[PDB]
Amino acid sequence: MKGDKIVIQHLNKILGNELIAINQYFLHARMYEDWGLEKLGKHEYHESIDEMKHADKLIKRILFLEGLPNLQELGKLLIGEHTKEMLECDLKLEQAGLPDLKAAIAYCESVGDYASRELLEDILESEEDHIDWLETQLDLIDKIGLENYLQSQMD
Amino acid sequence: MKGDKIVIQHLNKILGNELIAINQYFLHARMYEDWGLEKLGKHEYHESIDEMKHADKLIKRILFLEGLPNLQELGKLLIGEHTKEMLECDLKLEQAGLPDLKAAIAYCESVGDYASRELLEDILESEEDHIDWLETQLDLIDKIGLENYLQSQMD
Amino acid sequence: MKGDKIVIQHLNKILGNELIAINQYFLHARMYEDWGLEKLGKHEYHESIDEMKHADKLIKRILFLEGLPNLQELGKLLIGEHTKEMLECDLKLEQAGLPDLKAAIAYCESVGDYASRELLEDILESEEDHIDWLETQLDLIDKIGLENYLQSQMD
Amino acid sequence: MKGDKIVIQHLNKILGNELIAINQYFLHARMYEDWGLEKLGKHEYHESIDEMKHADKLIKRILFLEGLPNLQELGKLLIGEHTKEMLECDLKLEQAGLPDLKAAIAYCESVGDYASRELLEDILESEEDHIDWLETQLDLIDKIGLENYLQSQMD
Amino acid sequence: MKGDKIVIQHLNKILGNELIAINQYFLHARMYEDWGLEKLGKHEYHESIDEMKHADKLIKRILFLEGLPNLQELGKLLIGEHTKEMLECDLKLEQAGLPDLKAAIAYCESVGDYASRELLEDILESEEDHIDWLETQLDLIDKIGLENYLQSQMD
Amino acid sequence: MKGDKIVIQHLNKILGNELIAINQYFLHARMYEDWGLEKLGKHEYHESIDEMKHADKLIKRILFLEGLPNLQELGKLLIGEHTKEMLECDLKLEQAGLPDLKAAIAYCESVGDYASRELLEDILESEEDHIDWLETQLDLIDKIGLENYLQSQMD
Amino acid sequence: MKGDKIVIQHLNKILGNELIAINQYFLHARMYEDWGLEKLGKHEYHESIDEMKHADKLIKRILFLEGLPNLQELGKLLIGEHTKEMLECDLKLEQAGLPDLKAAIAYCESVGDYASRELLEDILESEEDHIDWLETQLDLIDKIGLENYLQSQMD
Ligand code: HEM
Ligand code: HEM
Ligand code: HEM
């Protein structure tokens, strides 16, 4: 089925954001498990896999709309060097991708592409859940301290 | 454990090649399923997952050697538009990726990094298996014809 | 027990024929799997294993008759290069092996070695089944075409 | 995939050695069971099956490298007449194949055919285990005597 | 069904041989058990039971052909007094019973009594198996010694 | 099978290092469990068991090569007094045996003792994993503090 | 809990004896399995493991008494060249072990370290059982001969 060109452009932009998130989250997850923080590494790995599933869904939607997925464009990775830094980098990545999803949802509503809007709404809910988790982790770091928090992530 | 810098550079080169393969294979797999070729799409998806696991193993090895994985650089993907074309593109990608693995194995032998050598040997064996599969598919296309071959890829 | 010398000579001749068949069928089976023809490869592998069991049975019979099995002699191998050629080579070998079995059965009747005749009768019944299968495959090739036939051997 | 011609030659030579071992070990196994020595016959049969699997692996590797396996050439078998001679013949045959395997592994190292090196290394370890077993049996014959040794091989 | 009179005579002769075998083998088995050689006694008992089944089959075949089974004639038993002697006696009986079976099979072929020929062929195969076992046991005695051999027959 | 004398010398040196590691790790595990740090005690116990298996494998290889294992010589023991000190002592011991394994692997490659090279390669991989765990533990001590770290080792 | 210094000295001496026994028994077990003597190898392996558990118990007891286990010093190792000689060496080691255990038990009685006496009593009973087994094996060698004895150790 032929889709709207601007809808395909929005889907490609979201796909590029998801591609950035996949690499950033996987590298963060692997650097967490390297330091012995199995809990944080496992959670970041699960979030990365969720990002891969989001990218797969976007690729399927673009292909159904007779568009061309853009896997080539990989943007800047926001990689941190310590646990707090990587948590803030992940939160900033999540926040920076939120306006794009909202704009895509609004445009899909405006031109009557309701299935794409439903898919983007599911993606937006997932991104909001990740944002909530990251903010909760940072607040916990503030409440209990860095050492206690890092101890809680040991196992 | 501190590793050799040149070994880190070789591992980063292989990791970049693996990322290229991941993106190209996932795109080809999802374009196969869109055409109704479930079998070819499933095999391409499995190949992409294997490339993902190779990239994960390389990232783990680089992080163990106190290096910095380079996931930021994504090179040119060889994306095809018809089944024969994308099979040939995958074959070209695999053939181009072989010399880097062999050079990395030779260097690991030279400097005595034997665990990295075993890792790269496993990766090389997997790449050779994929090459064998791709060549078998192309020869089967030449033997039984494109129309017969594409029919067997349904379901 | 001590058997007839000429019976042992006939058994040795059939054993050499079976060894030739083992080698040819195993090579054909392996080059079938390499091309991607799983069905033909599996059937040729099973036929090869049947030839191996026949050779083992002949070795046991020769040993019981206080003779020396002759595994040193390996004659000409009729190795084909394309599927039809392989099938015709196997059929030609199987047809050339038949007169020796019939002559040996007749001789075992002449001198009253009835257990050896029963063994050779079982072997001959198996060889006739292999001939029937090969002829059926060639007739199917001539009936449905080479490309259609090769597609059915993919899986 | 096209491999090195000299690597294919080494693989073919090792395949011929494996075929010789297959024939010799099967004949020895069968003449062991004829004497009532079930244990020695069973172990020789298992060794012959292992040699068959080695030959199969070599055939597959040669086929992958786009070469022609040489099943035609079968060299001299080292057949014994009593148990001690059979064991010494098997040990001599196994020790005469180690230099070929070692040279092939060294050459595969030289030209960077690492998958072939891994295959040859696996079969070399198997041959070394067979040599260990043969030497242990020959030393046990001298430790406990021929009559005591043959009695333990009955059941 | 009315059979051929000479076929009935041959069957009666074979039955008379089978009865002698039954008695001799049962007696040998019982003295083997009495001496404490449970393994040899068990094998001899099984051999006697097999001869018993052969006699039963012969009686059934004679009765089907409207003939009169002759169980009255019991000829001389070859009873031994030590293990080697009774193994040799069994071998002598089994070898002396062979020409009658072969002559009966030849006559059944000549007159066209094919079912009787199949029965006698099965009997002949069994007798050959017993001959093989007896010769193997005697060769084992000559190879490992009487004292070692008898120790293996305790259980 | 007779092996190279220098290869046996290298294996003997590695075996002595393994025995040193066995004794030191067992003592460290016992004092860890004595202080009430069950997790550290359990991991040190498992590491000591792994060292025991390494020593067993080396002894088997030396005996197969017709050499004489040197269990008599046991070198100095790097015994620590506190958790940080014993972790550092274990890391130093593991780093001080790595060059020996690397030199042994290089020599086994040079003279063609490939099975010994594979055994030493497996041992080297195990020692590298132990080094990774020890460095991770020390970095975790630095990250979360000694008091927090020791609390997590209680259960 | 603080214990007597002399009790700790006795425990350390017993621990050194146990370490000597561990090394000697493991080496003897390995060469027993190398020669093909599975029964003797398995029993020596189990005896060695029992010695390891004895040493572990002694280490725990020394650590509980707030002492310092002496794992460093490894004394003479009575290694034999043939089965009879190694059995005599093991018996000599076990017999030389006894007086130290008896003196330690008597001293623990004298100063009222009753738990240590119970531990040493269990160890003494185990050593007495090993002595009984070793003397039984030597008496069996005398009764049935070396060649007959070694045959029973094959499997
Ligand atoms: C640096 C890049 C990537 C790495 C290191 C990576 C790694 C992985 C790993 C280790 C798995 C686990 C496989 C398993 O457990 O069987 C996985 C699963 C998966 N990945 Fe990736 N991946 C990457 C990029 C991508 C991309 C770009 C996509 C899609 C556009 C993708 C799609 C998937 C899917 C669909 C799965 C399976 C999900 C499931 O089984 O439920 N991945 N990946
Ligand atoms: C004198 C020559 C040979 C004899 C008498 C012989 C005999 C046998 C027998 C009796 C079996 C057992 C099959 C079963 O139990 O199902 C067997 C298995 C096998 N043979 Fe041989 N064989 C010979 C040569 C070869 C050769 C030349 C090859 C390959 C080049 C080969 C490859 C195999 C394989 C792959 C198996 C199956 C192993 C398995 O299923 O685990 N054999 N052979
Ligand atoms: C010096 C050379 C040594 C060698 C070659 C050796 C070898 C072994 C082996 C092969 C095992 C079997 C592990 C398993 O089956 O999972 C084992 C277990 C064990 N070893 Fe070591 N060991 C040595 C020294 C020691 C020492 C010095 C001690 C104590 C002071 C010790 C204590 C133990 C214990 C407690 C076990 C567990 C046994 C069980 O769980 O049943 N070992 N050893």
# chains A, B, ... in the order shown; residues from 1 in each chain; ligands from 1
>>> residues_near_ligand(ligand="ligand 1", cutoff="7 Å", atoms="only C-alpha atoms and all ligand atoms", output="list in words")
residues 19, 22, 23, 26, 49, 52, 53, 55 and 56 of chain A; 19, 22, 23, 26, 49, 52, 53, 55, 56 and 71 of chain B
>>> residues_around(residues="residue 126 in chain B", least_positions_apart="6", cutoff="10 Å", atoms="only C-alpha atoms", output="list in words")
residues 47, 50, 51, 54, 120 and 132 of chain B; 115 of chain D
>>> write_last_selection(atoms="N, CA and C atoms", output="mmCIF file, in the first residue's frame")
data_model
loop_
_atom_site.group_PDB
_atom_site.id
_atom_site.type_symbol
_atom_site.label_atom_id
_atom_site.label_comp_id
_atom_site.auth_asym_id
_atom_site.auth_seq_id
_atom_site.Cartn_x
_atom_site.Cartn_y
_atom_site.Cartn_z
ATOM 1 N N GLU B 47 20.696 -15.015 10.280
ATOM 2 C CA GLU B 47 22.044 -14.530 9.998
ATOM 3 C C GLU B 47 22.298 -13.190 10.678
ATOM 4 N N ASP B 50 22.904 -13.743 14.303
ATOM 5 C CA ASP B 50 24.255 -14.261 14.504
ATOM 6 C C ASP B 50 25.288 -13.141 14.426
ATOM 7 N N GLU B 51 25.113 -12.220 13.476
ATOM 8 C CA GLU B 51 26.005 -11.066 13.396
ATOM 9 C C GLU B 51 25.897 -10.205 14.650
ATOM 10 N N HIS B 54 27.906 -11.881 17.285
ATOM 11 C CA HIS B 54 29.322 -11.635 17.022
ATOM 12 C C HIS B 54 29.737 -10.246 17.491
ATOM 13 N N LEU B 120 38.184 -14.816 17.328
ATOM 14 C CA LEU B 120 38.151 -14.485 15.910
ATOM 15 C C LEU B 120 38.083 -15.733 15.042
ATOM 16 N N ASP B 132 29.273 -20.163 2.530
ATOM 17 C CA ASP B 132 28.866 -21.419 1.909
ATOM 18 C C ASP B 132 27.376 -21.417 1.605
ATOM 19 N N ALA D 115 40.150 -22.512 9.606
ATOM 20 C CA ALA D 115 39.109 -23.518 9.801
ATOM 21 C C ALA D 115 39.631 -24.915 9.482
#
>>> interface_residues(of="chain B", to="chain C", cutoff="10 Å", atoms="only C-alpha atoms", output="CSV table (one decimal) with N, CA, C and O atoms, in the first residue's frame")
chain,number,residue,atom,x,y,z
B,132,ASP,N,29.3,-20.2,2.5
B,132,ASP,CA,28.9,-21.4,1.9
B,132,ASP,C,27.4,-21.4,1.6
B,132,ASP,O,27.0,-21.8,0.5
B,133,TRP,N,26.6,-21.0,2.6
B,133,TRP,CA,25.1,-20.9,2.3
B,133,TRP,C,24.8,-20.0,1.2
B,133,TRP,O,23.9,-20.3,0.3
B,135,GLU,N,26.6,-19.0,-1.4
B,135,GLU,CA,27.1,-19.6,-2.7
B,135,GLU,C,26.2,-20.8,-3.1
B,135,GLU,O,25.8,-20.9,-4.3
B,136,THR,N,25.7,-21.6,-2.1
B,136,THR,CA,24.8,-22.6,-2.4
B,136,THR,C,23.5,-22.1,-2.9
B,136,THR,O,22.9,-22.6,-3.9
B,137,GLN,N,23.0,-21.0,-2.3
B,137,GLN,CA,21.7,-20.4,-2.8
B,137,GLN,C,21.9,-19.9,-4.2
B,137,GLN,O,21.0,-20.1,-5.1
B,138,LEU,N,23.0,-19.2,-4.5
B,138,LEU,CA,23.1,-18.7,-5.9
B,138,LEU,C,23.3,-19.8,-6.9
B,138,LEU,O,22.7,-19.7,-8.0
B,139,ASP,N,24.0,-20.9,-6.6
B,139,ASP,CA,24.1,-22.0,-7.5
B,139,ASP,C,22.8,-22.7,-7.7
B,139,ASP,O,22.5,-23.2,-8.8
B,140,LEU,N,22.0,-22.8,-6.6
B,140,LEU,CA,20.6,-23.3,-6.8
B,140,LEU,C,19.8,-22.5,-7.7
B,140,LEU,O,19.0,-23.0,-8.4
B,141,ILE,N,19.9,-21.2,-7.6
B,141,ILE,CA,19.2,-20.3,-8.5
B,141,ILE,C,19.6,-20.6,-9.9
B,141,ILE,O,18.8,-20.7,-10.8
B,142,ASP,N,20.9,-20.7,-10.1
B,142,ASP,CA,21.4,-21.0,-11.5
B,142,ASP,C,20.9,-22.4,-12.0
B,142,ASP,O,20.8,-22.6,-13.2
B,143,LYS,N,20.7,-23.3,-11.0
B,143,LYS,CA,20.4,-24.7,-11.4
B,143,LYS,C,18.9,-24.9,-11.7
B,143,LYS,O,18.6,-25.4,-12.7
B,144,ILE,N,18.1,-24.4,-10.8
B,144,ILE,CA,16.6,-24.6,-10.9
B,144,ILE,C,15.8,-23.4,-11.5
B,144,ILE,O,14.6,-23.6,-11.7
B,145,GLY,N,16.5,-22.3,-11.6
B,145,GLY,CA,15.8,-21.1,-12.2
B,145,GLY,C,15.3,-20.2,-11.1
B,145,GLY,O,15.1,-20.6,-9.9
B,148,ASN,N,11.4,-21.0,-10.0
B,148,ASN,CA,11.4,-22.2,-9.1
B,148,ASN,C,12.0,-21.9,-7.8
B,148,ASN,O,11.4,-22.3,-6.7
B,149,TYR,N,13.1,-21.2,-7.8
B,149,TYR,CA,13.8,-20.9,-6.5
B,149,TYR,C,12.9,-20.0,-5.6
B,149,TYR,O,12.8,-20.3,-4.4
B,151,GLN,N,9.7,-19.8,-5.6
B,151,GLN,CA,8.5,-20.5,-5.1
B,151,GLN,C,8.9,-21.3,-3.8
B,151,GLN,O,8.1,-21.4,-2.9
B,152,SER,N,10.1,-21.9,-3.8
B,152,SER,CA,10.5,-22.7,-2.6
B,152,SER,C,10.8,-21.8,-1.4
B,152,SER,O,10.8,-22.3,-0.3
>>> residues_around(residues="residue 76 in chain E", least_positions_apart="3", cutoff="12 Å", atoms="only C-alpha atoms", output="CSV table (one decimal) with C-alpha atoms, in the first residue's frame")
chain,number,residue,atom,x,y,z
E,16,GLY,CA,16.5,-88.7,14.3
E,17,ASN,CA,19.7,-86.7,14.2
E,19,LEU,CA,16.9,-86.2,18.9
E,20,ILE,CA,20.4,-87.4,19.3
E,21,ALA,CA,21.6,-83.8,19.4
E,23,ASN,CA,19.9,-85.7,24.4
E,24,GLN,CA,23.7,-85.2,24.1
E,73,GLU,CA,15.2,-94.6,16.9
E,79,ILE,CA,29.2,-88.2,25.5
E,89,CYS,CA,32.1,-84.4,20.7
E,93,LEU,CA,28.0,-84.5,16.0
>>> select_by_dssp(residues="chain B", states="alpha helix (DSSP H)", output="PyMOL selection string")
chain B and resi 5-34+38-64+83-111+114-144+146-152
>>> residues_around(residues="residue 62 in chain B", least_positions_apart="3", cutoff="12 Å", atoms="only C-alpha atoms", output="PyMOL selection string")
(chain A and resi 27+30-31+34) or (chain B and resi 1-15+55-59+65-71+115-116+119)
>>> residues_around(residues="residue 117 in chain D", least_positions_apart="2", cutoff="12 Å", atoms="only C-alpha atoms", output="MDAnalysis selection string")
(chainID B and resid 121 125) or (chainID D and resid 7 10:11 58 61 101:115 119:124) or (chainID F and resid 114)
>>> write_last_selection(atoms="C-alpha atoms", output="mmCIF file, in the first residue's frame")
data_model
loop_
_atom_site.group_PDB
_atom_site.id
_atom_site.type_symbol
_atom_site.label_atom_id
_atom_site.label_comp_id
_atom_site.auth_asym_id
_atom_site.auth_seq_id
_atom_site.Cartn_x
_atom_site.Cartn_y
_atom_site.Cartn_z
ATOM 1 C CA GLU B 121 38.517 -18.103 14.765
ATOM 2 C CA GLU B 125 34.138 -20.137 10.969
ATOM 3 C CA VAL D 7 45.688 -27.081 1.199
ATOM 4 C CA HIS D 10 47.119 -31.949 1.935
ATOM 5 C CA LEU D 11 43.461 -32.625 2.728
ATOM 6 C CA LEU D 58 37.641 -34.260 5.206
ATOM 7 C CA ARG D 61 35.966 -29.714 3.787
ATOM 8 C CA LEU D 101 48.641 -34.118 9.892
ATOM 9 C CA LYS D 102 51.327 -31.988 11.547
ATOM 10 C CA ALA D 103 52.649 -30.761 8.190
ATOM 11 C CA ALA D 104 49.109 -29.989 7.016
ATOM 12 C CA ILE D 105 48.368 -28.015 10.195
ATOM 13 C CA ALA D 106 51.625 -26.091 9.814
ATOM 14 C CA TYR D 107 50.831 -25.262 6.186
ATOM 15 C CA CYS D 108 47.271 -24.194 7.022
ATOM 16 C CA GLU D 109 48.869 -21.880 9.576
ATOM 17 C CA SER D 110 51.248 -20.541 6.926
ATOM 18 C CA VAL D 111 48.539 -19.603 4.398
ATOM 19 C CA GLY D 112 45.874 -18.643 6.936
ATOM 20 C CA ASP D 113 43.350 -21.463 6.443
ATOM 21 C CA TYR D 114 42.331 -21.501 10.082
ATOM 22 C CA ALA D 115 39.109 -23.518 9.801
ATOM 23 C CA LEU D 119 39.455 -29.534 11.693
ATOM 24 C CA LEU D 120 42.884 -31.143 11.338
ATOM 25 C CA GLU D 121 43.645 -30.358 14.991
ATOM 26 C CA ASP D 122 40.483 -32.151 16.096
ATOM 27 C CA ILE D 123 41.300 -35.241 14.061
ATOM 28 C CA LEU D 124 44.923 -35.066 15.278
ATOM 29 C CA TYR F 114 49.199 -28.810 18.861
#
>>> atom_distance(atom1="CA of residue 28 in chain D", atom2="CA of residue 131 in chain E")
22.2 Å
>>> atom_distance(atom1="CA of residue 72 in chain F", atom2="atom 2 (C, counted along the ligand's line) of ligand 3")
10.1 Å
>>> atom_distance(atom1="CA of residue 90 in chain B", atom2="CA of residue 134 in chain B")
7.6 Å
